[PDB]
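Coordinates as given in query14.cif (mmCIF, N, CA, C and O atoms):
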data_model
#
loop_
_atom_site.label_atom_id
_atom_site.label_comp_id
_atom_site.auth_asym_id
_atom_site.auth_seq_id
_atom_site.Cartn_x
_atom_site.Cartn_y
_atom_site.Cartn_z
N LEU C 102 8.54 -20.42 8.25
CA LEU C 102 9.31 -19.34 7.65
C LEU C 102 9.14 -18.07 8.47
O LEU C 102 8.01 -17.67 8.78
N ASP C 103 10.25 -17.43 8.81
CA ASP C 103 10.23 -16.23 9.63
C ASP C 103 9.93 -15.02 8.75
O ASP C 103 9.60 -15.14 7.57
N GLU C 104 10.04 -13.82 9.33
CA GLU C 104 9.79 -12.60 8.57
C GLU C 104 10.82 -12.42 7.46
O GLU C 104 10.51 -11.90 6.39
N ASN C 105 12.06 -12.85 7.71
CA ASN C 105 13.13 -12.77 6.72
C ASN C 105 13.12 -13.96 5.76
O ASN C 105 14.15 -14.23 5.12
N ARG C 106 12.00 -14.67 5.65
CA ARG C 106 11.83 -15.81 4.76
C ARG C 106 12.79 -16.95 5.06
O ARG C 106 13.17 -17.71 4.16
N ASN C 107 13.20 -17.11 6.32
CA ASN C 107 14.08 -18.19 6.73
C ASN C 107 13.35 -19.14 7.67
O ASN C 107 12.44 -18.74 8.41
N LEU C 108 13.76 -20.40 7.64
CA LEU C 108 13.12 -21.44 8.44
C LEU C 108 13.62 -21.35 9.88
O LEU C 108 14.83 -21.43 10.13
N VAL C 109 12.69 -21.20 10.82
CA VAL C 109 12.99 -21.06 12.24
C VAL C 109 11.96 -21.86 13.01
O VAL C 109 10.82 -22.00 12.58
N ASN C 110 12.38 -22.41 14.15
CA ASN C 110 11.47 -23.15 15.03
C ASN C 110 10.46 -22.18 15.65
O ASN C 110 10.48 -20.97 15.41
N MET C 111 9.55 -22.72 16.46
CA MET C 111 8.52 -21.89 17.09
C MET C 111 9.07 -20.99 18.19
O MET C 111 8.34 -20.12 18.67
N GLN C 112 10.33 -21.18 18.60
CA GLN C 112 10.92 -20.39 19.66
C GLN C 112 11.77 -19.23 19.16
O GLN C 112 11.77 -18.17 19.79
N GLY C 113 12.48 -19.40 18.05
CA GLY C 113 13.36 -18.36 17.56
C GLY C 113 14.77 -18.83 17.30
O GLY C 113 15.69 -18.01 17.20
N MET C 114 14.96 -20.14 17.17
CA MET C 114 16.26 -20.71 16.84
C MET C 114 16.39 -20.86 15.33
O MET C 114 15.50 -21.40 14.67
N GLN C 115 17.50 -20.38 14.80
CA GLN C 115 17.72 -20.34 13.36
C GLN C 115 18.14 -21.72 12.87
O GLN C 115 19.22 -22.21 13.23
N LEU C 116 17.30 -22.35 12.06
CA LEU C 116 17.63 -23.65 11.49
C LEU C 116 18.80 -23.52 10.53
O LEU C 116 18.84 -22.61 9.70
N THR C 117 19.75 -24.44 10.64
CA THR C 117 20.97 -24.40 9.85
C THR C 117 21.10 -25.68 9.03
O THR C 117 20.53 -26.72 9.37
N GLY C 118 21.86 -25.59 7.94
CA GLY C 118 22.07 -26.74 7.09
C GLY C 118 23.16 -26.46 6.08
O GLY C 118 23.77 -25.39 6.07
N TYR C 119 23.39 -27.45 5.22
CA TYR C 119 24.41 -27.31 4.19
C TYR C 119 24.00 -26.25 3.18
O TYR C 119 22.91 -26.35 2.61
N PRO C 120 24.83 -25.24 2.92
CA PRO C 120 24.46 -24.21 1.94
C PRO C 120 24.45 -24.76 0.53
O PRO C 120 25.17 -25.71 0.20
N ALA C 121 23.64 -24.14 -0.32
CA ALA C 121 23.53 -24.51 -1.72
C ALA C 121 24.18 -23.42 -2.57
O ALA C 121 23.71 -22.28 -2.57
N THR C 122 25.24 -23.78 -3.28
CA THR C 122 25.96 -22.87 -4.16
C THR C 122 26.10 -23.49 -5.54
O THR C 122 25.70 -24.63 -5.78
N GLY C 123 26.67 -22.72 -6.46
CA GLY C 123 26.84 -23.15 -7.83
C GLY C 123 25.80 -22.54 -8.76
O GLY C 123 24.80 -21.95 -8.34
N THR C 124 26.07 -22.68 -10.06
CA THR C 124 25.20 -22.16 -11.11
C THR C 124 24.92 -23.27 -12.11
O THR C 124 25.74 -23.50 -13.02
N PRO C 125 23.78 -23.98 -12.00
CA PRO C 125 22.72 -23.82 -10.99
C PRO C 125 23.14 -24.29 -9.61
O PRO C 125 24.09 -25.07 -9.50
N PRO C 126 22.46 -23.82 -8.57
CA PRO C 126 22.82 -24.23 -7.20
C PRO C 126 22.71 -25.74 -7.03
O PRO C 126 21.79 -26.38 -7.54
N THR C 127 23.66 -26.30 -6.29
CA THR C 127 23.70 -27.72 -6.01
C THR C 127 24.01 -27.90 -4.53
O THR C 127 24.01 -26.94 -3.75
N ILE C 128 24.30 -29.14 -4.13
CA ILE C 128 24.52 -29.49 -2.73
C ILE C 128 26.00 -29.77 -2.52
O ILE C 128 26.60 -30.56 -3.27
N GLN C 129 26.59 -29.13 -1.52
CA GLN C 129 27.98 -29.35 -1.14
C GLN C 129 28.02 -30.04 0.21
O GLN C 129 27.38 -29.58 1.17
N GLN C 130 28.77 -31.13 0.29
CA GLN C 130 28.91 -31.90 1.52
C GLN C 130 30.12 -31.48 2.35
O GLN C 130 30.36 -32.07 3.41
N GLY C 131 30.88 -30.49 1.90
CA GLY C 131 32.04 -30.03 2.64
C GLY C 131 31.95 -28.58 3.05
O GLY C 131 32.80 -28.08 3.79
N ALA C 132 30.91 -27.89 2.59
CA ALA C 132 30.73 -26.48 2.92
C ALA C 132 30.29 -26.31 4.37
O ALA C 132 29.57 -27.15 4.92
N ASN C 133 30.74 -25.22 4.98
CA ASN C 133 30.37 -24.94 6.36
C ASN C 133 28.86 -24.68 6.46
O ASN C 133 28.30 -23.99 5.61
N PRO C 134 28.19 -25.23 7.47
CA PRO C 134 26.74 -25.03 7.59
C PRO C 134 26.38 -23.56 7.76
O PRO C 134 27.10 -22.79 8.40
N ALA C 135 25.25 -23.18 7.18
CA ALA C 135 24.76 -21.82 7.18
C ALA C 135 23.26 -21.83 7.42
O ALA C 135 22.61 -22.86 7.22
N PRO C 136 22.69 -20.71 7.86
CA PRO C 136 21.23 -20.63 8.00
C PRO C 136 20.54 -20.82 6.65
O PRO C 136 21.06 -20.43 5.61
N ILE C 137 19.36 -21.42 6.69
CA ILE C 137 18.59 -21.71 5.49
C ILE C 137 17.51 -20.66 5.32
O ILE C 137 16.67 -20.46 6.22
N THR C 138 17.52 -19.97 4.18
CA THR C 138 16.50 -18.99 3.84
C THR C 138 15.88 -19.36 2.50
O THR C 138 16.52 -19.98 1.65
N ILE C 139 14.62 -18.97 2.32
CA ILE C 139 13.89 -19.28 1.09
C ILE C 139 13.38 -17.98 0.48
O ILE C 139 12.22 -17.60 0.72
N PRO C 140 14.19 -17.27 -0.28
CA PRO C 140 13.72 -16.03 -0.91
C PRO C 140 12.67 -16.30 -1.98
O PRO C 140 12.62 -17.37 -2.58
N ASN C 141 11.82 -15.30 -2.19
CA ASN C 141 10.80 -15.34 -3.23
C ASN C 141 11.23 -14.61 -4.50
O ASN C 141 10.41 -14.40 -5.40
N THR C 142 12.50 -14.22 -4.59
CA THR C 142 12.98 -13.45 -5.72
C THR C 142 12.95 -14.27 -7.00
O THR C 142 13.14 -15.49 -6.99
N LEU C 143 12.70 -13.59 -8.12
CA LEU C 143 12.66 -14.24 -9.42
C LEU C 143 14.06 -14.61 -9.88
O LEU C 143 14.98 -13.78 -9.83
N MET C 144 14.23 -15.85 -10.32
CA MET C 144 15.52 -16.31 -10.80
C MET C 144 15.72 -15.92 -12.26
O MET C 144 14.78 -15.93 -13.06
N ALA C 145 16.95 -15.55 -12.60
CA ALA C 145 17.26 -15.11 -13.95
C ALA C 145 17.24 -16.28 -14.93
O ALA C 145 17.51 -17.43 -14.57
N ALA C 146 16.91 -15.97 -16.18
CA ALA C 146 16.87 -16.98 -17.22
C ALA C 146 18.28 -17.41 -17.60
O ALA C 146 19.26 -16.67 -17.46
N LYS C 147 18.38 -18.64 -18.11
CA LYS C 147 19.65 -19.24 -18.48
C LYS C 147 19.69 -19.45 -19.99
O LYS C 147 18.72 -19.94 -20.58
N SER C 148 20.81 -19.08 -20.61
CA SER C 148 20.99 -19.30 -22.03
C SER C 148 21.08 -20.80 -22.32
O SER C 148 21.71 -21.55 -21.58
N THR C 149 20.44 -21.23 -23.41
CA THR C 149 20.51 -22.62 -23.81
C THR C 149 21.93 -22.95 -24.26
O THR C 149 22.53 -22.22 -25.05
N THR C 150 22.47 -24.06 -23.74
CA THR C 150 23.84 -24.45 -24.02
C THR C 150 23.94 -25.76 -24.80
O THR C 150 24.67 -25.83 -25.79
N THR C 151 23.23 -26.79 -24.37
CA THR C 151 23.29 -28.10 -25.01
C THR C 151 21.88 -28.63 -25.24
O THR C 151 21.02 -28.53 -24.37
N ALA C 152 21.66 -29.20 -26.43
CA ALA C 152 20.39 -29.81 -26.78
C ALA C 152 20.65 -31.17 -27.40
O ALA C 152 21.67 -31.38 -28.07
N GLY D 253 -1.78 24.60 0.23
CA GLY D 253 -0.68 25.39 0.73
C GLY D 253 0.48 24.59 1.30
O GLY D 253 1.31 25.16 2.01
N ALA D 254 0.57 23.30 0.99
CA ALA D 254 1.64 22.45 1.49
C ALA D 254 2.68 22.24 0.40
O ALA D 254 2.34 22.10 -0.78
N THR D 255 3.95 22.22 0.81
CA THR D 255 5.03 22.02 -0.15
C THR D 255 4.94 20.64 -0.77
O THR D 255 4.53 19.67 -0.13
N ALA D 256 5.33 20.55 -2.04
CA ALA D 256 5.23 19.30 -2.77
C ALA D 256 6.24 18.28 -2.25
O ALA D 256 7.24 18.63 -1.62
N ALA D 257 5.96 17.01 -2.51
CA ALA D 257 6.82 15.91 -2.09
C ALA D 257 7.85 15.65 -3.17
O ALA D 257 7.53 15.08 -4.22
N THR D 258 9.09 16.06 -2.92
CA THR D 258 10.20 15.85 -3.85
C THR D 258 11.05 14.70 -3.32
O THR D 258 11.55 14.76 -2.20
N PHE D 259 11.22 13.66 -4.14
CA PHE D 259 11.91 12.46 -3.70
C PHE D 259 12.63 11.81 -4.87
O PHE D 259 12.54 12.25 -6.01
N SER D 260 13.37 10.75 -4.55
CA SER D 260 14.05 9.93 -5.54
C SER D 260 13.40 8.55 -5.59
O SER D 260 13.24 7.90 -4.55
N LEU D 261 13.04 8.12 -6.79
CA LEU D 261 12.44 6.81 -7.01
C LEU D 261 13.45 5.89 -7.67
O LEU D 261 14.10 6.26 -8.66
N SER D 262 13.58 4.69 -7.12
CA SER D 262 14.56 3.71 -7.58
C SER D 262 13.86 2.53 -8.25
O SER D 262 12.90 1.97 -7.70
N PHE D 263 14.34 2.17 -9.44
CA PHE D 263 13.80 1.05 -10.20
C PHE D 263 14.85 -0.03 -10.43
O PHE D 263 14.64 -0.93 -11.26
N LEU D 264 15.97 0.02 -9.72
CA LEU D 264 17.04 -0.94 -9.92
C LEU D 264 16.59 -2.34 -9.52
O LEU D 264 15.58 -2.53 -8.84
N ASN D 265 17.37 -3.34 -9.95
CA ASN D 265 17.05 -4.75 -9.74
C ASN D 265 15.71 -5.12 -10.36
O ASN D 265 14.91 -5.86 -9.78
N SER D 266 15.46 -4.61 -11.56
CA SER D 266 14.28 -4.95 -12.34
C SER D 266 14.65 -5.95 -13.43
O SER D 266 15.81 -6.07 -13.83
N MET D 267 13.65 -6.68 -13.90
CA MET D 267 13.85 -7.76 -14.86
C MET D 267 13.12 -7.46 -16.16
O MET D 267 11.95 -7.07 -16.15
N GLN D 268 13.83 -7.64 -17.28
CA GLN D 268 13.25 -7.50 -18.61
C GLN D 268 13.09 -8.84 -19.31
O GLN D 268 12.76 -8.88 -20.50
N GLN D 269 13.32 -9.95 -18.61
CA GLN D 269 13.30 -11.26 -19.23
C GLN D 269 11.87 -11.66 -19.60
O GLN D 269 10.90 -10.96 -19.31
N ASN D 270 11.75 -12.81 -20.26
CA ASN D 270 10.46 -13.31 -20.74
C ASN D 270 9.69 -13.91 -19.57
O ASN D 270 9.72 -15.12 -19.31
N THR D 271 8.98 -13.05 -18.85
CA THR D 271 8.13 -13.46 -17.74
C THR D 271 6.69 -13.72 -18.15
O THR D 271 5.88 -14.10 -17.30
N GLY D 272 6.35 -13.52 -19.42
CA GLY D 272 4.99 -13.71 -19.89
C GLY D 272 4.13 -12.47 -19.73
O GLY D 272 3.59 -11.95 -20.71
N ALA D 273 4.00 -11.98 -18.50
CA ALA D 273 3.19 -10.81 -18.20
C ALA D 273 3.97 -9.87 -17.29
O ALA D 273 4.98 -10.25 -16.69
N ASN D 274 3.48 -8.64 -17.19
CA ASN D 274 4.08 -7.61 -16.36
C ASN D 274 3.26 -7.44 -15.09
O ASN D 274 2.04 -7.21 -15.16
N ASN D 275 3.91 -7.56 -13.94
CA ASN D 275 3.23 -7.40 -12.66
C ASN D 275 4.19 -6.79 -11.66
O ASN D 275 5.40 -7.06 -11.68
N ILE D 276 3.65 -5.95 -10.78
CA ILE D 276 4.43 -5.27 -9.76
C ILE D 276 4.70 -6.24 -8.62
O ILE D 276 3.77 -6.88 -8.11
N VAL D 277 5.96 -6.36 -8.23
CA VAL D 277 6.34 -7.28 -7.16
C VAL D 277 6.66 -6.57 -5.85
O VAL D 277 6.54 -7.21 -4.79
N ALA D 278 7.03 -5.30 -5.87
CA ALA D 278 7.33 -4.63 -4.61
C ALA D 278 7.14 -3.13 -4.74
O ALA D 278 7.26 -2.57 -5.84
N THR D 279 6.86 -2.48 -3.62
CA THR D 279 6.74 -1.03 -3.56
C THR D 279 6.84 -0.58 -2.11
O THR D 279 6.21 -1.18 -1.23
N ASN D 280 7.63 0.45 -1.87
CA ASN D 280 7.78 0.98 -0.51
C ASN D 280 8.30 2.41 -0.58
O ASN D 280 8.83 2.86 -1.60
N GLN D 281 8.14 3.11 0.54
CA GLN D 281 8.61 4.48 0.70
C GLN D 281 8.78 4.75 2.19
O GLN D 281 8.45 3.90 3.03
N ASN D 282 9.30 5.93 2.51
CA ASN D 282 9.66 6.28 3.89
C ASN D 282 8.98 7.57 4.32
O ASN D 282 9.62 8.51 4.81
N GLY D 283 7.67 7.64 4.15
CA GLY D 283 6.90 8.76 4.65
C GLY D 283 5.61 8.29 5.30
O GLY D 283 5.01 7.31 4.86
N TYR D 284 5.20 8.99 6.35
CA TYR D 284 3.99 8.63 7.07
C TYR D 284 3.31 9.88 7.60
O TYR D 284 3.96 10.90 7.86
N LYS D 285 2.00 9.78 7.76
CA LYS D 285 1.20 10.84 8.38
C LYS D 285 1.31 10.76 9.89
O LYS D 285 1.66 9.71 10.45
N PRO D 286 1.04 11.86 10.60
CA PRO D 286 1.10 11.83 12.06
C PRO D 286 0.09 10.85 12.65
O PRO D 286 -1.01 10.67 12.13
N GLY D 287 0.49 10.21 13.75
CA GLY D 287 -0.33 9.20 14.39
C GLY D 287 -0.27 9.32 15.90
O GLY D 287 0.39 10.21 16.45
N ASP D 288 -0.97 8.41 16.57
CA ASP D 288 -1.07 8.40 18.02
C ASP D 288 -0.89 6.98 18.53
O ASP D 288 -1.12 6.01 17.82
N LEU D 289 -0.46 6.88 19.79
CA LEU D 289 -0.23 5.58 20.41
C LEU D 289 -1.52 4.76 20.43
O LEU D 289 -2.58 5.26 20.79
N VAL D 290 -1.41 3.49 20.04
CA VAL D 290 -2.56 2.60 20.03
C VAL D 290 -2.31 1.41 20.95
O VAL D 290 -3.24 0.85 21.53
N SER D 291 -1.04 1.02 21.09
CA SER D 291 -0.66 -0.14 21.88
C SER D 291 0.86 -0.20 21.93
O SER D 291 1.56 0.49 21.18
N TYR D 292 1.37 -1.03 22.84
CA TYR D 292 2.80 -1.25 22.98
C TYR D 292 3.03 -2.53 23.76
O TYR D 292 2.13 -3.06 24.40
N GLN D 293 4.27 -3.02 23.70
CA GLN D 293 4.67 -4.23 24.40
C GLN D 293 6.19 -4.25 24.49
O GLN D 293 6.87 -3.31 24.06
N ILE D 294 6.73 -5.33 25.05
CA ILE D 294 8.16 -5.51 25.26
C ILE D 294 8.60 -6.79 24.57
O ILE D 294 7.97 -7.84 24.76
N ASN D 295 9.66 -6.71 23.79
CA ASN D 295 10.17 -7.85 23.04
C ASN D 295 11.35 -8.48 23.77
O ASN D 295 11.89 -7.93 24.74
N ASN D 296 11.75 -9.66 23.30
CA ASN D 296 12.84 -10.40 23.93
C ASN D 296 14.19 -9.70 23.79
O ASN D 296 15.13 -10.03 24.52
N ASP D 297 14.30 -8.75 22.86
CA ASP D 297 15.55 -8.02 22.69
C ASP D 297 15.83 -7.03 23.81
O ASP D 297 16.95 -6.52 23.90
N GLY D 298 14.85 -6.77 24.67
CA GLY D 298 14.98 -5.76 25.70
C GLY D 298 14.52 -4.37 25.29
O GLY D 298 14.51 -3.48 26.15
N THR D 299 14.15 -4.17 24.03
CA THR D 299 13.70 -2.88 23.55
C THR D 299 12.21 -2.71 23.78
O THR D 299 11.45 -3.68 23.79
N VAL D 300 11.79 -1.46 23.96
CA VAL D 300 10.39 -1.11 24.16
C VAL D 300 9.86 -0.53 22.85
O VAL D 300 10.44 0.41 22.30
N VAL D 301 8.77 -1.10 22.35
CA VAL D 301 8.21 -0.75 21.05
C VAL D 301 6.80 -0.21 21.26
O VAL D 301 5.97 -0.86 21.89
N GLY D 302 6.54 0.98 20.72
CA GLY D 302 5.23 1.59 20.82
C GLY D 302 4.51 1.69 19.49
O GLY D 302 4.96 2.41 18.59
N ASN D 303 3.40 0.98 19.35
CA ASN D 303 2.65 0.97 18.10
C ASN D 303 1.76 2.20 17.99
O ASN D 303 1.15 2.65 18.97
#

So, in terms of C-alpha cells, how does the structure I just supplied come out?
Amino acid sequence: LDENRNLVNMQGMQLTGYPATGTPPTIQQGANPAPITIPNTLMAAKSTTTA
Amino acid sequence: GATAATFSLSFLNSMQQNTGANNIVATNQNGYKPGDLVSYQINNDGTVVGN
C-alpha cells in the first residue's frame, strides 16, 4: 500500500483492476479497469430492509 | 507580546452513527515554527526537496 493507501509494486507502478461499484459495492466484469485503493474511512450504516 | 492565532476549524465529514465509542480519527493544520535545513535529496519527479 502506497502513501495514498493504494496498492503499488516496489517500483512505483499503479496496480489496476476491475472497479467495485454499487450499494453495497460489488464486482463488475464490464467496467473499465481503474487503480485499486484501500481507504481506511468509516463506512456509513445501512437501514434494515428485509428480515 | 505575540498576536493570537485566529483560524477556521472544520468538523465536516463527521459521523454520528452507532460506533460504540468516540475516538478522534484525524487532525491537521497549516502552521509551523521556523526551522533549518537538516537534509535533502532528489526524487524521480525531477524536483529538489529540502528537509

Write out as number ranges by chain the residues lying within 8 Å of residue 291 in chain D, counting all atoms listed in the file and excluding same-chain residues fewer than 3 positions away. D: 288, 301-303

Distance filter 8 Å, only N, CA, C and O atoms, chain D against chain C, as a VMD selection string: chain D and resid 265 267 269 to 270

Requested write-out: N, CA, C and O atoms of the selected residues, as an mmCIF file, in the coordinates of the input:
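This went into selection-v9.cif:
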data_model
loop_
_atom_site.group_PDB
_atom_site.id
_atom_site.type_symbol
_atom_site.label_atom_id
_atom_site.label_comp_id
_atom_site.auth_asym_id
_atom_site.auth_seq_id
_atom_site.Cartn_x
_atom_site.Cartn_y
_atom_site.Cartn_z
ATOM 1 N N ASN D 265 17.370 -3.340 -9.950
ATOM 2 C CA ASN D 265 17.050 -4.750 -9.740
ATOM 3 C C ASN D 265 15.710 -5.120 -10.360
ATOM 4 O O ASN D 265 14.910 -5.860 -9.780
ATOM 5 N N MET D 267 13.650 -6.680 -13.900
ATOM 6 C CA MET D 267 13.850 -7.760 -14.860
ATOM 7 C C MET D 267 13.120 -7.460 -16.160
ATOM 8 O O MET D 267 11.950 -7.070 -16.150
ATOM 9 N N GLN D 269 13.320 -9.950 -18.610
ATOM 10 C CA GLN D 269 13.300 -11.260 -19.230
ATOM 11 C C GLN D 269 11.870 -11.660 -19.600
ATOM 12 O O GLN D 269 10.900 -10.960 -19.310
ATOM 13 N N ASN D 270 11.750 -12.810 -20.260
ATOM 14 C CA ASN D 270 10.460 -13.310 -20.740
ATOM 15 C C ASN D 270 9.690 -13.910 -19.570
ATOM 16 O O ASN D 270 9.720 -15.120 -19.310
#

Name the residues that the PyMOL selection byres ((chain D and resi 280) around 8) pulls out of this structure, and write them as a PyMOL selection string. chain D and resi 260-262+278-279+281-283

How would the residues just chosen look if you wrote them out with N, CA, C and O atoms as an mmCIF file, keeping the file's coordinate frame?
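Saved result, part-v4.cif, follows:
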data_model
loop_
_atom_site.group_PDB
_atom_site.id
_atom_site.type_symbol
_atom_site.label_atom_id
_atom_site.label_comp_id
_atom_site.auth_asym_id
_atom_site.auth_seq_id
_atom_site.Cartn_x
_atom_site.Cartn_y
_atom_site.Cartn_z
ATOM 1 N N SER D 260 13.370 10.750 -4.550
ATOM 2 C CA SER D 260 14.050 9.930 -5.540
ATOM 3 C C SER D 260 13.400 8.550 -5.590
ATOM 4 O O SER D 260 13.240 7.900 -4.550
ATOM 5 N N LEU D 261 13.040 8.120 -6.790
ATOM 6 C CA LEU D 261 12.440 6.810 -7.010
ATOM 7 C C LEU D 261 13.450 5.890 -7.670
ATOM 8 O O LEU D 261 14.100 6.260 -8.660
ATOM 9 N N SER D 262 13.580 4.690 -7.120
ATOM 10 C CA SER D 262 14.560 3.710 -7.580
ATOM 11 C C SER D 262 13.860 2.530 -8.250
ATOM 12 O O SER D 262 12.900 1.970 -7.700
ATOM 13 N N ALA D 278 7.030 -5.300 -5.870
ATOM 14 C CA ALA D 278 7.330 -4.630 -4.610
ATOM 15 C C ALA D 278 7.140 -3.130 -4.740
ATOM 16 O O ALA D 278 7.260 -2.570 -5.840
ATOM 17 N N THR D 279 6.860 -2.480 -3.620
ATOM 18 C CA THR D 279 6.740 -1.030 -3.560
ATOM 19 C C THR D 279 6.840 -0.580 -2.110
ATOM 20 O O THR D 279 6.210 -1.180 -1.230
ATOM 21 N N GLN D 281 8.140 3.110 0.540
ATOM 22 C CA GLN D 281 8.610 4.480 0.700
ATOM 23 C C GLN D 281 8.780 4.750 2.190
ATOM 24 O O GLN D 281 8.450 3.900 3.030
ATOM 25 N N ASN D 282 9.300 5.930 2.510
ATOM 26 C CA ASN D 282 9.660 6.280 3.890
ATOM 27 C C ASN D 282 8.980 7.570 4.320
ATOM 28 O O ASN D 282 9.620 8.510 4.810
ATOM 29 N N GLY D 283 7.670 7.640 4.150
ATOM 30 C CA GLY D 283 6.900 8.760 4.650
ATOM 31 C C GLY D 283 5.610 8.290 5.300
ATOM 32 O O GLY D 283 5.010 7.310 4.860
#

Please identify the strand (DSSP E) residues within chain D (assignment by DSSP from backbone atoms) and present them as a list in words. residues 292, 293, 294, 300, 301 and 302 of chain D

Counting all atoms listed in the file, figure out which residue out of C:140, C:148, C:102, C:135 gets nearest to residue 118 in chain C. C:135

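The interatomic distance for the pair atom O of residue 133 in chain C and CA of residue 104 in chain C works out to 21.9 Å.
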
Please compute the CA of residue 286 in chain D-atom O of residue 299 in chain D distance, one decimal, in Å.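 Distance reported for this atom pair: 22.0 Å.
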
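Taking atom N of residue 297 in chain D as the reference point, atom O of residue 112 in chain C is found at 10.2 Å.
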
Anything within 10 Å of (21.2, -22.5, 7.0): list those residues as a list in words, counting only C-alpha atoms and sticking to the file's coordinates. residues 107, 108, 109, 115, 116, 117, 118, 119, 120, 121, 133, 134, 135, 136, 137, 138 and 139 of chain C
